[PDB]
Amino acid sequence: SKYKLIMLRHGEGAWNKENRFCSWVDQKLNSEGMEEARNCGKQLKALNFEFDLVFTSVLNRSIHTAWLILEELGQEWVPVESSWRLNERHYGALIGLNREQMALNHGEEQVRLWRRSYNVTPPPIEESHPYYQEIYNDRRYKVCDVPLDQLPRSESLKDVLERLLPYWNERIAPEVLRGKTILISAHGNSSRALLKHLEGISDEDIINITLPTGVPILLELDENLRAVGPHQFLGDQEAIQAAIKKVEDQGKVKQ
């Protein structure tokens, strides 16, 4: 009849702490991010979750987050599957740049569009970009279901959904319909893309949805795999709203 699953975005690493777009740059979790993953695992253990399958992106921070959660649950044996289709949205040329600096240079309105709009596309990352090489030279992108030269160089949230939706429908959703307990260790925007779809959020309303880092996201789906109600956050609601505000404030100018 109804099905519940868990999705979340990993804890913040070095870059996001200093307010820089990370996106496809394969940055590892820091001490704080690791602890955040362990805390999510402890929460899920308290709820006595017994996962059957775990899905992650190919960015190591989402994989490590999943590994830490499984360790906390004593479920390291549970199958894990990783796909670039769950990768964080590709911020193109904006990768590595400071969000507040962009707000000062282009205005808060434009930054909000780049960050949260559905259709706005970031300028494409070019070969001259400081982080182009370490991204596209990695073997993980040489064995994807799409050619290396075919992978995106930037993505709007709509682009993300277009490449993520097929993975959800074809590899995750079937497991949900089989009654399996699933965990999705993803990122801020790839998660927003999935939620927009599952909750039927309008192209206009999705711009106001911001997800806090390191917080289990609860979602219940119906027989048609559509949300029964809006997504919920597991934990201290005040700390969670404060965390959401922090993320929103990274795109704003001081005082």
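We call the rigid core whatever largest set of C-alpha positions still superposes within 1.5 Å between the two forms. Numbers follow the displayed sequence, beginning with 1.
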Core-fitted comparison in 8 other deposited structures of this protein, 163-171 vs 114-122, farther C-alphas: 114-122
More variable segment, 196-204 or 209-217 [Cα RMS over structures in 8 other deposited structures of this protein, core-superposed]: 209-217
Do the C-alpha atoms of 237-245 or of 19-27 have the higher average B factor in the entry? 237-245
Selected stretch [higher average CA B-factor]: 95-103 or 145-153: 145-153
Say you rank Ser82, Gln133, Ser117, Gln110 by Cα B-factor from the PDB entry; which sits at the top? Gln133
Among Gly41, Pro216, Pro230, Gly188, where is the Cα B factor highest in this entry? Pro230
Chain thirds by Cα B factor, record data; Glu88 belongs to the lowest
Taking only the Cα B-factors deposited for this chain, tell me whether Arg140 sits in the lowest, middle or highest third. middle
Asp203 by Cα B-factor - lowest, middle or highest third of the modelled chain: highest
Mind checking which third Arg61 falls in for C-alpha B-factor across the chain? lowest
Sort the modelled residues of this chain by their C-alpha B factor and say whether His197 lands in the lowest, middle or highest third. middle
